[PDB]
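Take a look at this single chain, the form deposited in one PDB entry, given in structure tokens.
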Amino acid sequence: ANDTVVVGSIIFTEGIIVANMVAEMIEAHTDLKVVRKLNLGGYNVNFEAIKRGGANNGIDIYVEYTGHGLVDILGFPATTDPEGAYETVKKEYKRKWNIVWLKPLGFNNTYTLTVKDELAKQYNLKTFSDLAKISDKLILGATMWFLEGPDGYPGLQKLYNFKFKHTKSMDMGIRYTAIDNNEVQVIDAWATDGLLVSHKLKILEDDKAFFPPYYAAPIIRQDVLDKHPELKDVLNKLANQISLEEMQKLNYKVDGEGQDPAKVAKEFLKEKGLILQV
């Protein structure tokens, strides 16, 4: 009579916004109440938590990215097209873990390598290969998740033979300040990052196609769907409802304009008519 589900996120702006959207949709369209949980860390943290489940100090639902799941299935970085990534993780997670991938939200939040526009013009940079030829002169500032993830810098560095003068691990917001001030020359910008809006940066082309697609989708434990089958349709109301530009704008409302992510998520859903006004 008082059933609850746990929606998890790791700790970054987009993750919390989209987890909040999932929680708001569930509470708007079902009789379930939602525990919102934040998990410390990056790679495989939400995956392990959902394997435990909300009844065992874990989570029942979170928004995963196809490429992050794909690299864990394969055991080595590989590239593919959006459908290849999505269908592979959907079938594998269902068969191995009884985890259900719902429909993609609509955006691809990939890792990138990004430089200031002026630096790109100064050195004629368009591609990762262009950058690698001169990386020995440059400093990379990047997030811990990118530097430590199996699908992040370790394999990219080996494939392109990147040789930066110095490589610094940085918090998410401050790497944008650091590249704006030329404390570093390259950052691992993420494609939906809010602060890409306010900095004059150039996203370089991954010409060897190292990275897989990173399409966000809600995923849920099958036993939670068995108990509450309505969830499937409710969460699929978000299907293709968030473009890259929309997600970027929401992220900037938090990171650039100081709004809290709960407010940003709820007002977005109200604007799009996905939940009721008032």
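Rigid core (definition): largest C-alpha set, two forms, superposition within 1.5 Å. Shifts are known only where both forms have a C-alpha. Start at 1 with the first residue shown and count on from there.
Participant: Can you tell me whether 227 to 235 has a higher mean C-alpha B factor than 29 to 37 in this record, or the other way round?
Facilitator: Going by the record's values, the stretch with the higher mean is 227 to 235.
Participant: If you average the Cα B factors in the entry, which is higher, 122 to 130 or 78 to 86?
Facilitator: Higher mean C-alpha B-factor: 122 to 130.
Participant: Could you tell me which one of 172, 187, 102, 138 shows the highest CA temperature factor in the PDB record?
Facilitator: Most elevated C-alpha B-factor of the set, per the entry: 138.
Participant: Quick one: which of 161, 110, 177, 114 shows the highest Cα temperature factor in the PDB entry?
Facilitator: 161 has the highest C-alpha B-factor of those listed.
Participant: Where does the C-alpha B-factor of residue 57 rank in its chain, lowest, middle or highest third?
Facilitator: It belongs to the highest third of the chain when residues are ordered by C-alpha B-factor.
Participant: Ranking every modelled residue in this chain by its Cα temperature factor as given in the entry, which third contains residue 153?
Facilitator: Answer is lowest: the recorded C-alpha B-factor places it there.
Participant: Sorting the chain's CA B-factors, does residue 220 end up in the lowest, middle or highest third?
Facilitator: Lowest third.
Participant: Grab the CA temperature factor for residue 15 from the record and place it in the lowest, middle or highest third of its chain.
Facilitator: For residue 15, whose C-alpha B-factor we compare with every modelled residue in the chain, the answer is the lowest third.
Participant: Select lowest, middle or highest to describe the third in which the CA B-factor of residue 5 falls within its chain in this entry.
Facilitator: It falls in the middle third of the chain.
What follows is about the form deposited in another entry, which we do not show.
Participant: Which residue in 107, 128, 190, 101 stands out, with a C-alpha shift of 2 Å or more between this form and the one not shown when both forms are set on the rigid core?
Facilitator: Comparing both forms, the shifted residue turns out to be 128.
Participant: Quick check: residue 85 between this form and the one not shown - does its CA shift reach 2 Å or more after fitting the rigid core?
Facilitator: It does not, since the residue 85 C-alpha is displaced less than 2 Å between this form and the one not shown after the core fit.
Participant: When the rigid core is used for the superposition, does residue 71 move between this form and the one not shown (threshold: C-alpha shift of 2 Å or more)?
Facilitator: No; residue 71 is a residue whose C-alpha shifts by less than 2 Å between this form and the one not shown when the cores are overlaid.
Participant: Align on the rigid core first; then say whether the Cα of residue 42 has moved by at least 2 Å between this form and the one not shown.
Facilitator: The answer is yes, as the C-alpha of residue 42 shifts between this form and the one not shown by 2 Å or more after core alignment.
Participant: Taking the shown form as reference, are the C-alpha positions of residue 7 and residue 40 brought closer or pushed farther apart in the other entry, with a change of 3 Å or more?
Facilitator: Between the C-alphas of residue 40 and residue 7, the gap narrows in the other entry (3 Å or more compared with this form).
Participant: Classify the change in Cα distance between residue 170 and residue 17 in the other entry as closer or farther, relative to the shown form (magnitude of 3 Å or more).
Facilitator: Compared with this form, residue 170 and residue 17 lie farther apart in the other entry.
Participant: Just the runs, please: which groups of three or more residues in a row shift their CA by 2 Å or more between this form and the one not shown on the core?
Facilitator: Residues 38 to 43, 72 to 78, 113 to 188, 200 to 208 form the shifted runs.
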